[PDB]
>>> print(open('structure-v9.txt').read())   # compact mmCIF, N, CA and C atoms
# COMPACT_ATOMS: atom_id res chain seq x y z
N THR M 52 -3.70 4.53 -7.59
CA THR M 52 -3.25 3.15 -7.67
C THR M 52 -3.76 2.53 -8.96
N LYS M 53 -3.25 1.34 -9.26
CA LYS M 53 -3.62 0.68 -10.51
C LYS M 53 -5.07 0.21 -10.45
N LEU M 54 -5.44 -0.46 -9.35
CA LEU M 54 -6.83 -0.67 -8.94
C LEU M 54 -7.68 -1.31 -10.04
N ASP M 55 -7.34 -2.55 -10.38
CA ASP M 55 -8.13 -3.39 -11.27
C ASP M 55 -8.30 -2.73 -12.65
N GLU M 56 -7.15 -2.50 -13.29
CA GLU M 56 -7.09 -2.04 -14.68
C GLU M 56 -7.73 -0.66 -14.87
N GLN M 57 -7.39 0.27 -13.98
CA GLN M 57 -7.81 1.67 -14.11
C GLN M 57 -6.73 2.56 -13.52
N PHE M 58 -7.08 3.82 -13.28
CA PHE M 58 -6.18 4.75 -12.59
C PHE M 58 -6.96 5.64 -11.63
N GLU M 59 -7.82 5.05 -10.80
CA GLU M 59 -8.57 5.85 -9.84
C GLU M 59 -7.63 6.52 -8.85
N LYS M 60 -7.87 7.80 -8.61
CA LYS M 60 -7.03 8.63 -7.76
C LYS M 60 -7.57 8.68 -6.33
N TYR M 61 -6.70 9.04 -5.40
CA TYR M 61 -7.11 9.21 -4.02
C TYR M 61 -8.02 10.43 -3.89
N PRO M 62 -8.97 10.42 -2.96
CA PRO M 62 -9.75 11.63 -2.69
C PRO M 62 -8.94 12.61 -1.85
N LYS M 63 -8.94 13.88 -2.25
CA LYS M 63 -8.14 14.91 -1.60
C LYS M 63 -9.05 16.09 -1.27
N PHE M 64 -9.71 16.02 -0.12
CA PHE M 64 -10.56 17.11 0.33
C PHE M 64 -9.71 18.25 0.86
N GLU M 65 -10.35 19.41 1.03
CA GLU M 65 -9.68 20.60 1.53
C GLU M 65 -10.60 21.30 2.53
N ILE M 66 -10.11 21.47 3.76
CA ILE M 66 -10.83 22.18 4.80
C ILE M 66 -9.92 23.31 5.27
N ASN M 67 -10.16 24.52 4.77
CA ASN M 67 -9.30 25.65 5.08
C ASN M 67 -9.60 26.16 6.48
N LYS M 68 -8.60 26.10 7.36
CA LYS M 68 -8.76 26.51 8.75
C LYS M 68 -7.72 27.52 9.21
N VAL M 69 -6.82 27.96 8.33
CA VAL M 69 -5.72 28.83 8.72
C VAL M 69 -5.93 30.27 8.27
N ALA M 70 -6.98 30.54 7.50
CA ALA M 70 -7.19 31.87 6.94
C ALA M 70 -7.96 32.81 7.85
N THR M 71 -8.59 32.30 8.92
CA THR M 71 -9.41 33.16 9.77
C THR M 71 -8.56 34.20 10.49
N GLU M 72 -7.43 33.79 11.05
CA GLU M 72 -6.58 34.74 11.77
C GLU M 72 -5.94 35.74 10.82
N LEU M 73 -5.55 35.30 9.63
CA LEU M 73 -5.01 36.22 8.64
C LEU M 73 -6.04 37.26 8.23
N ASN M 74 -7.29 36.82 8.02
CA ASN M 74 -8.35 37.76 7.70
C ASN M 74 -8.59 38.73 8.85
N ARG M 75 -8.52 38.24 10.09
CA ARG M 75 -8.68 39.11 11.24
C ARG M 75 -7.59 40.17 11.28
N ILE M 76 -6.34 39.78 11.02
CA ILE M 76 -5.24 40.74 11.01
C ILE M 76 -5.44 41.78 9.92
N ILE M 77 -5.82 41.33 8.72
CA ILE M 77 -6.02 42.26 7.61
C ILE M 77 -7.15 43.24 7.93
N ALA M 78 -8.25 42.74 8.50
CA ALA M 78 -9.36 43.61 8.86
C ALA M 78 -8.95 44.60 9.95
N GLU M 79 -8.15 44.15 10.92
CA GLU M 79 -7.68 45.05 11.96
C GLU M 79 -6.83 46.17 11.38
N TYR M 80 -5.99 45.85 10.40
CA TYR M 80 -5.22 46.91 9.75
C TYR M 80 -6.13 47.87 9.00
N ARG M 81 -7.03 47.33 8.16
CA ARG M 81 -7.88 48.19 7.35
C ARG M 81 -8.81 49.06 8.19
N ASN M 82 -9.16 48.62 9.40
CA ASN M 82 -9.97 49.45 10.27
C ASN M 82 -9.22 50.70 10.72
N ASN M 83 -7.94 50.57 11.04
CA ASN M 83 -7.11 51.68 11.51
C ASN M 83 -5.96 51.87 10.52
N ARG M 84 -6.21 52.64 9.46
CA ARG M 84 -5.18 52.94 8.49
C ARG M 84 -4.29 54.07 8.99
N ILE M 85 -3.02 54.01 8.61
CA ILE M 85 -2.03 54.99 9.04
C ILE M 85 -1.30 55.54 7.83
N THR M 86 -0.73 56.73 7.99
CA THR M 86 -0.02 57.42 6.92
C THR M 86 1.18 58.13 7.53
N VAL M 87 1.84 58.97 6.74
CA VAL M 87 3.03 59.69 7.16
C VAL M 87 2.63 61.05 7.70
N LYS M 88 3.22 61.42 8.84
CA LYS M 88 2.98 62.70 9.48
C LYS M 88 4.30 63.42 9.70
N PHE M 89 4.31 64.72 9.42
CA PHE M 89 5.50 65.55 9.61
C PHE M 89 5.34 66.39 10.87
N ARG M 90 6.33 66.29 11.76
CA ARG M 90 6.26 67.01 13.03
C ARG M 90 7.10 68.27 12.98
N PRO M 91 6.65 69.35 13.62
CA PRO M 91 7.42 70.59 13.63
C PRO M 91 8.55 70.53 14.65
N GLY M 92 9.36 71.59 14.65
CA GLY M 92 10.46 71.73 15.56
C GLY M 92 10.34 72.95 16.44
N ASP M 93 11.47 73.35 17.03
CA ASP M 93 11.53 74.52 17.90
C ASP M 93 12.02 75.73 17.11
N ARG M 94 11.22 76.10 16.11
CA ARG M 94 11.51 77.26 15.27
C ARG M 94 10.22 78.01 15.00
N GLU M 95 10.37 79.20 14.41
CA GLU M 95 9.21 80.06 14.20
C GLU M 95 8.31 79.55 13.08
N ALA M 96 8.88 79.14 11.95
CA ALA M 96 8.10 78.79 10.77
C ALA M 96 8.05 77.29 10.53
N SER M 97 8.55 76.49 11.47
CA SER M 97 8.50 75.04 11.29
C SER M 97 7.07 74.53 11.22
N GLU M 98 6.14 75.17 11.94
CA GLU M 98 4.75 74.75 11.88
C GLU M 98 4.18 74.92 10.48
N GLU M 99 4.39 76.09 9.88
CA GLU M 99 3.89 76.33 8.52
C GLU M 99 4.58 75.41 7.52
N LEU M 100 5.88 75.20 7.69
CA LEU M 100 6.60 74.29 6.80
C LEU M 100 6.02 72.89 6.87
N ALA M 101 5.80 72.37 8.08
CA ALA M 101 5.24 71.04 8.24
C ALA M 101 3.83 70.98 7.67
N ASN M 102 3.04 72.04 7.86
CA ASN M 102 1.68 72.07 7.32
C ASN M 102 1.70 71.96 5.80
N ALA V 81 -1.84 -32.29 -10.25
CA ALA V 81 -3.16 -32.02 -9.71
C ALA V 81 -4.24 -32.70 -10.54
N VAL V 82 -4.12 -32.60 -11.86
CA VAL V 82 -5.12 -33.20 -12.74
C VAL V 82 -5.16 -34.71 -12.54
N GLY V 83 -3.98 -35.34 -12.49
CA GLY V 83 -3.93 -36.79 -12.34
C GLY V 83 -4.44 -37.25 -10.99
N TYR V 84 -4.14 -36.50 -9.93
CA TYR V 84 -4.63 -36.89 -8.61
C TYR V 84 -6.14 -36.77 -8.52
N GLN V 85 -6.66 -35.65 -9.00
CA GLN V 85 -8.12 -35.43 -8.91
C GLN V 85 -8.81 -36.50 -9.77
N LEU V 86 -8.23 -36.85 -10.91
CA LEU V 86 -8.79 -37.95 -11.73
C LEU V 86 -8.72 -39.26 -10.94
N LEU V 87 -7.61 -39.52 -10.26
CA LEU V 87 -7.46 -40.83 -9.59
C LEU V 87 -8.56 -40.96 -8.55
N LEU V 88 -8.84 -39.89 -7.80
CA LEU V 88 -9.83 -39.99 -6.71
C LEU V 88 -11.19 -40.31 -7.32
N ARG V 89 -11.50 -39.69 -8.45
CA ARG V 89 -12.81 -39.91 -9.11
C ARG V 89 -12.98 -41.33 -9.66
N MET V 90 -11.94 -41.94 -10.22
CA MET V 90 -12.10 -43.26 -10.88
C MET V 90 -11.79 -44.45 -9.96
N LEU V 91 -11.40 -44.23 -8.71
CA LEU V 91 -10.97 -45.36 -7.84
C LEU V 91 -12.14 -46.28 -7.46
N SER V 92 -13.37 -45.78 -7.49
CA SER V 92 -14.56 -46.58 -7.11
C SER V 92 -14.74 -47.78 -8.02
N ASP V 93 -14.42 -47.64 -9.31
CA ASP V 93 -14.67 -48.72 -10.29
C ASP V 93 -13.87 -49.98 -9.93
N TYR V 94 -12.64 -49.82 -9.47
CA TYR V 94 -11.84 -51.00 -9.07
C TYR V 94 -12.11 -51.27 -7.60
N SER V 95 -13.02 -50.51 -6.99
CA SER V 95 -13.42 -50.68 -5.56
C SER V 95 -12.19 -50.65 -4.66
N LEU V 96 -11.27 -49.74 -4.92
CA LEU V 96 -10.12 -49.59 -4.01
C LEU V 96 -10.35 -48.27 -3.28
N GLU V 97 -10.37 -48.27 -1.95
CA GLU V 97 -10.53 -47.01 -1.18
C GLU V 97 -9.21 -46.24 -1.17
N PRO V 98 -9.19 -44.89 -1.09
CA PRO V 98 -7.94 -44.15 -1.15
C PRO V 98 -7.18 -44.09 0.19
N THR V 99 -5.88 -43.77 0.16
CA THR V 99 -5.09 -43.72 1.37
C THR V 99 -4.90 -42.27 1.83
N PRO V 100 -4.70 -42.05 3.13
CA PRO V 100 -4.52 -40.67 3.62
C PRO V 100 -3.34 -39.95 2.99
N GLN V 101 -2.26 -40.66 2.67
CA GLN V 101 -1.13 -40.02 2.00
C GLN V 101 -1.53 -39.52 0.62
N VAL V 102 -2.28 -40.33 -0.13
CA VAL V 102 -2.76 -39.91 -1.44
C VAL V 102 -3.69 -38.71 -1.31
N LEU V 103 -4.58 -38.74 -0.31
CA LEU V 103 -5.48 -37.62 -0.10
C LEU V 103 -4.70 -36.34 0.21
N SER V 104 -3.68 -36.44 1.06
CA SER V 104 -2.88 -35.27 1.39
C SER V 104 -2.14 -34.74 0.17
N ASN V 105 -1.55 -35.62 -0.63
CA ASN V 105 -0.83 -35.17 -1.82
C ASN V 105 -1.77 -34.47 -2.80
N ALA V 106 -2.96 -35.05 -3.02
CA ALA V 106 -3.94 -34.41 -3.88
C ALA V 106 -4.35 -33.05 -3.33
N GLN V 107 -4.52 -32.95 -2.01
CA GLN V 107 -4.89 -31.68 -1.40
C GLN V 107 -3.82 -30.63 -1.63
N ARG V 108 -2.55 -30.98 -1.43
CA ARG V 108 -1.48 -30.00 -1.64
C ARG V 108 -1.39 -29.57 -3.09
N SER V 109 -1.51 -30.51 -4.03
CA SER V 109 -1.46 -30.15 -5.44
C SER V 109 -2.61 -29.22 -5.82
N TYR V 110 -3.82 -29.54 -5.36
CA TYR V 110 -4.97 -28.69 -5.67
C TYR V 110 -4.81 -27.31 -5.03
N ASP V 111 -4.27 -27.25 -3.81
CA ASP V 111 -4.05 -25.96 -3.17
C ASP V 111 -3.06 -25.12 -3.95
N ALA V 112 -1.99 -25.74 -4.46
CA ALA V 112 -1.03 -25.00 -5.27
C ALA V 112 -1.68 -24.48 -6.55
N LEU V 113 -2.52 -25.29 -7.20
CA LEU V 113 -3.25 -24.81 -8.37
C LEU V 113 -4.15 -23.63 -8.02
N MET V 114 -4.82 -23.71 -6.87
CA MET V 114 -5.68 -22.62 -6.43
C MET V 114 -4.87 -21.35 -6.22
N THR V 115 -3.68 -21.46 -5.63
CA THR V 115 -2.82 -20.30 -5.47
C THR V 115 -2.41 -19.73 -6.82
N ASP V 116 -2.13 -20.60 -7.78
CA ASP V 116 -1.73 -20.13 -9.11
C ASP V 116 -2.88 -19.42 -9.82
N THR V 117 -4.12 -19.76 -9.49
CA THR V 117 -5.24 -19.23 -10.26
C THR V 117 -6.09 -18.27 -9.42
N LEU V 118 -5.45 -17.35 -8.70
CA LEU V 118 -6.16 -16.35 -7.91
C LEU V 118 -6.36 -15.06 -8.70
N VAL V 119 -7.35 -14.28 -8.27
CA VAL V 119 -7.63 -12.98 -8.89
C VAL V 119 -7.66 -11.87 -7.84
N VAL V 120 -8.43 -12.05 -6.77
CA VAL V 120 -8.57 -11.08 -5.68
C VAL V 120 -8.93 -9.71 -6.25
N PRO V 121 -10.16 -9.50 -6.70
CA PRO V 121 -10.52 -8.20 -7.26
C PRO V 121 -10.63 -7.12 -6.19
N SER V 122 -10.53 -5.87 -6.63
CA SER V 122 -10.55 -4.71 -5.75
C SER V 122 -11.93 -4.05 -5.76
N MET V 123 -12.13 -3.16 -4.79
CA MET V 123 -13.41 -2.49 -4.58
C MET V 123 -13.39 -1.13 -5.26
N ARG V 124 -14.13 -1.01 -6.36
CA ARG V 124 -14.23 0.25 -7.08
C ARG V 124 -15.07 1.25 -6.29
N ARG V 125 -14.98 2.52 -6.68
CA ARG V 125 -15.73 3.56 -6.00
C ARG V 125 -17.22 3.43 -6.31
N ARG V 126 -18.04 3.98 -5.41
CA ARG V 126 -19.49 3.80 -5.50
C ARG V 126 -20.06 4.51 -6.72
N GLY V 127 -19.70 5.78 -6.92
CA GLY V 127 -20.18 6.51 -8.07
C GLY V 127 -20.73 7.88 -7.73
N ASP V 128 -21.38 8.00 -6.58
CA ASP V 128 -21.82 9.29 -6.06
C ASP V 128 -20.88 9.84 -5.00
N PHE V 129 -19.77 9.17 -4.75
CA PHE V 129 -18.78 9.65 -3.80
C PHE V 129 -18.04 10.84 -4.40
N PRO V 130 -18.04 12.00 -3.75
CA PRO V 130 -17.40 13.17 -4.35
C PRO V 130 -15.89 13.02 -4.44
N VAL V 131 -15.33 13.67 -5.44
CA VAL V 131 -13.88 13.82 -5.56
C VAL V 131 -13.49 15.10 -4.84
N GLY V 132 -12.35 15.07 -4.16
CA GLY V 132 -11.97 16.21 -3.34
C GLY V 132 -11.72 17.45 -4.17
N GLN V 133 -11.76 18.60 -3.50
CA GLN V 133 -11.50 19.87 -4.17
C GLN V 133 -10.03 20.02 -4.55
N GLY V 134 -9.14 19.28 -3.90
CA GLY V 134 -7.73 19.34 -4.20
C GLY V 134 -7.28 18.54 -5.40
N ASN V 135 -8.20 17.87 -6.09
CA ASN V 135 -7.87 17.11 -7.28
C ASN V 135 -7.86 17.96 -8.54
N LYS V 136 -8.16 19.26 -8.43
CA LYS V 136 -8.06 20.21 -9.54
C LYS V 136 -8.95 19.79 -10.71
N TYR V 137 -10.25 19.81 -10.47
CA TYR V 137 -11.15 19.67 -11.61
C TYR V 137 -11.27 21.01 -12.33
N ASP V 138 -11.86 20.96 -13.53
CA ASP V 138 -12.00 22.08 -14.46
C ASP V 138 -10.67 22.39 -15.15
N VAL V 139 -9.59 21.75 -14.71
CA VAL V 139 -8.30 21.83 -15.37
C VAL V 139 -7.77 20.44 -15.74
N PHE V 140 -7.88 19.48 -14.83
CA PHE V 140 -7.53 18.10 -15.11
C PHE V 140 -8.74 17.36 -15.66
N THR V 141 -8.51 16.12 -16.09
CA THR V 141 -9.59 15.31 -16.65
C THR V 141 -10.65 14.95 -15.61
N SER V 142 -10.32 15.01 -14.33
CA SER V 142 -11.25 14.61 -13.28
C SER V 142 -12.46 15.54 -13.22
N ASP V 143 -13.61 14.96 -12.86
CA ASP V 143 -14.84 15.69 -12.61
C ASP V 143 -15.07 15.80 -11.11
N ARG V 144 -16.24 16.32 -10.72
CA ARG V 144 -16.54 16.41 -9.30
C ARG V 144 -16.71 15.05 -8.65
N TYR V 145 -17.08 14.02 -9.42
CA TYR V 145 -17.47 12.74 -8.84
C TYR V 145 -16.81 11.61 -9.61
N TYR V 146 -16.64 10.49 -8.92
CA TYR V 146 -16.06 9.31 -9.55
C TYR V 146 -17.03 8.74 -10.59
N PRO V 147 -16.52 8.04 -11.64
CA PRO V 147 -17.38 7.56 -12.70
C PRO V 147 -18.28 6.43 -12.20
N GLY V 148 -17.73 5.49 -11.43
CA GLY V 148 -18.53 4.37 -10.89
C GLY V 148 -18.74 3.32 -11.96
N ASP V 149 -18.14 3.51 -13.13
CA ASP V 149 -18.25 2.56 -14.27
C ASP V 149 -16.93 2.68 -15.03
N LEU V 150 -16.62 1.79 -15.96
CA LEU V 150 -15.32 1.98 -16.64
C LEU V 150 -15.37 3.36 -17.30
N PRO V 151 -14.39 4.25 -17.08
CA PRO V 151 -14.44 5.58 -17.65
C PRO V 151 -14.14 5.57 -19.15
N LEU V 152 -14.60 6.59 -19.87
CA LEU V 152 -14.41 6.64 -21.34
C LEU V 152 -12.91 6.64 -21.63
N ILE V 153 -12.50 5.83 -22.60
CA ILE V 153 -11.06 5.74 -22.95
C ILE V 153 -10.80 6.42 -24.30
N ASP V 154 -11.81 6.56 -25.17
CA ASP V 154 -11.49 7.10 -26.52
C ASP V 154 -12.32 8.33 -26.89
N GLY V 155 -13.64 8.19 -26.96
CA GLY V 155 -14.49 9.30 -27.43
C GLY V 155 -15.05 8.95 -28.79
N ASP V 156 -14.33 8.15 -29.58
CA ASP V 156 -14.91 7.65 -30.85
C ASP V 156 -16.01 6.66 -30.47
N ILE V 157 -15.74 5.80 -29.48
CA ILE V 157 -16.76 4.84 -28.96
C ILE V 157 -17.22 5.40 -27.62
N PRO V 158 -18.25 6.26 -27.53
CA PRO V 158 -18.60 6.85 -26.26
C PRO V 158 -19.68 6.14 -25.45
N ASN V 159 -20.43 5.23 -26.06
CA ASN V 159 -21.56 4.57 -25.36
C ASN V 159 -21.04 3.74 -24.19
N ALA V 160 -19.91 3.05 -24.38
CA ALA V 160 -19.30 2.27 -23.28
C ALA V 160 -18.04 2.98 -22.79
>>> encode(input="structure-v9.txt", output="structure tokens")
Amino acid sequence: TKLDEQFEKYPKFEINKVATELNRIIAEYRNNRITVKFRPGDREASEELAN
Amino acid sequence: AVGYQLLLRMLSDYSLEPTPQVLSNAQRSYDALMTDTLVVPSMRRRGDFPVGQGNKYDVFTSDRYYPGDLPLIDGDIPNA
């Protein structure tokens, strides 16, 4: 506001309260990491191929 | 307003007491002058009151705290 021949600004505090669940989700993922797995079939050499 | 306020002050010399209508007219004129000459100043910040983290200090001109005094306008004259 103009406020008696100046330009004083409003106070804008920040209280972050939405990041806790996101951090929990990220930690839950990083605890149990997953990758790609190849499964064999009903053949003789499919096991060695997948390995 | 000036003439009425003067009339009330000088009426004693001729020993004439004032009338309620004259008093009311002088009151209204003085009240109008008072309305014309208002200021109503505002309340500046204390000075140790913190500025919020969302005001982007370290990039904008704002610091962590309000100045609490007229802020510097030039830098050539920095004492005031």
>>> interface_residues(input="structure-v9.txt", of="chain M", to="chain V", cutoff="6.5 Å", atoms="only N, CA and C atoms", output="PyMOL selection string")
chain M and resi 54-55+61-65
>>> residues_around(input="structure-v9.txt", residues="residue 102 (chain M)", least_positions_apart="3", cutoff="8 Å", atoms="only N, CA and C atoms", output="PyMOL selection string")
chain M and resi 89-91+96-99
>>> closest_residue(input="structure-v9.txt", among="V:101, V:106, V:143, V:115", to="residue 85 (chain V)", atoms="only C-alpha atoms")
V:106
>>> atom_distance(input="structure-v9.txt", atom1="CA of residue 98 (chain V)", atom2="atom C of residue 117 (chain V)")
27.2 Å
>>> atom_distance(input="structure-v9.txt", atom1="CA of residue 144 (chain V)", atom2="CA of residue 127 (chain V)")
10.6 Å
>>> select_by_dssp(input="structure-v9.txt", residues="chain V", states="helix (DSSP H, G or I)", output="VMD selection string")
chain V and resid 82 to 90 100 to 116 133 to 135
>>> decode(input="structure-v9.txt", residues="region 99-141 of chain V", atoms="C-alpha atoms", output="compact mmCIF listing (two decimals), in the first residue's frame")
# COMPACT_ATOMS: atom_id res chain seq x y z
CA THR V 99 -27.15 34.02 19.68
CA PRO V 100 -27.58 30.23 19.36
CA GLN V 101 -28.04 30.53 15.58
CA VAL V 102 -24.72 32.37 15.29
CA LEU V 103 -23.06 29.77 17.50
CA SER V 104 -24.44 26.95 15.34
CA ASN V 105 -23.31 28.61 12.10
CA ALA V 106 -19.81 29.17 13.50
CA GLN V 107 -19.72 25.54 14.64
CA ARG V 108 -20.66 24.22 11.20
CA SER V 109 -18.12 26.45 9.44
CA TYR V 110 -15.34 25.41 11.82
CA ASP V 111 -16.29 21.74 11.42
CA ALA V 112 -16.06 22.07 7.64
CA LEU V 113 -12.62 23.66 7.97
CA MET V 114 -11.58 20.79 10.25
CA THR V 115 -12.74 18.29 7.63
CA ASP V 116 -10.76 20.15 4.97
CA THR V 117 -7.60 20.09 7.09
CA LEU V 118 -7.36 16.41 8.10
CA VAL V 119 -4.29 14.17 7.86
CA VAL V 120 -5.09 10.82 9.59
CA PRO V 121 -1.56 9.33 9.61
CA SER V 122 -0.95 5.59 9.31
CA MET V 123 0.86 3.13 11.57
CA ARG V 124 4.32 2.25 10.27
CA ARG V 125 5.97 -1.08 11.04
CA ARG V 126 7.81 -1.50 14.33
CA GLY V 127 11.23 -2.32 12.90
CA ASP V 128 12.06 -5.72 14.38
CA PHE V 129 8.99 -7.32 12.80
CA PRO V 130 10.25 -9.97 10.35
CA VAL V 131 9.44 -9.88 6.66
CA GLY V 132 7.97 -13.13 5.40
CA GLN V 133 9.99 -15.73 3.53
CA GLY V 134 7.67 -15.32 0.54
CA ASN V 135 8.83 -11.76 -0.12
CA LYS V 136 11.94 -13.09 -1.94
CA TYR V 137 14.82 -11.45 -0.18
CA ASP V 138 18.38 -11.85 -1.53
CA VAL V 139 16.84 -11.20 -4.95
CA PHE V 140 14.49 -8.25 -4.37
CA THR V 141 15.38 -5.05 -2.55
